[PDB]
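No lab work stands behind these numbers, since they all come straight from the coordinates. All Cβ positions, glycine included, derive from the backbone under ideal geometry; neighbour counts span all protein chains shown.
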Amino acid sequence: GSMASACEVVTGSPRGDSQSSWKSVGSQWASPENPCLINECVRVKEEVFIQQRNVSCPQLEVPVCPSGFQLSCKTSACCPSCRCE
């Protein structure tokens, strides 16, 4: 068969600074080389591949908080995210 239950993640600079490591399906991470996107290793019946999907983040609209809050735009990944402090 030679069928995988894990994906081989190898991403890095062309110099050979790429880190190849196996992630079991169900693993998600952000694209390091590119802008930010969520690479979701999916197992579809007997097919196992990396699904290139975009990052999940909230709307840029201001969350409902009482006057006297501090709007804090702060996110870990490439997306819009502002919370009320």
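Overview of results
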item	result
Output for segment 1-17, where each listed residue is surrounded by 14 or more Cβ atoms within 10 Å (Cβ to Cβ) and free of Cβ contacts under 8 Å to residues at least 40 places away in the same chain	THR11
Pair list, Cβ under 7 Å, 6 or more apart: segment 25-41 residue within 13 Å of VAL10 (Cα to Cα), other residue of a type in the set (S, T, N, Q) and part of a strand (DSSP E or B)	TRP29/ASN39; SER31/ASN39; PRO32/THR11; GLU33/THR11; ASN39/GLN28; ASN39/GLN52
Residue ID - farthest from the chain's Cα centre (by Cα), chosen from residues in segment 27-60 that are surrounded by 12 or more Cβ atoms within 10 Å (Cβ to Cβ) and not in a strand (DSSP E or B)	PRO58
Residues located in segment 61-85, provided they are polar (S, T, N, Q) and either on the phi > 0 side of the Ramachandran plot or part of a strand (DSSP E or B) (or both)	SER72
Matching residues, segment 1-21, being under 27 Å from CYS79 (Cα atoms) and part of a strand (DSSP E or B)	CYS7, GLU8, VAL9, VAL10, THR11, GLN19, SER20, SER21
The lone exception for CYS73 - which of (1) in contact with a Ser or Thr (Cβ under 8 Å, 6 or more places away or on another chain); (2) surrounded by 14 or more Cβ atoms within 10 Å (Cβ to Cβ); (3) among the hydrophobic types (A, V, I, L, M, F, W, C) it fails	(2)
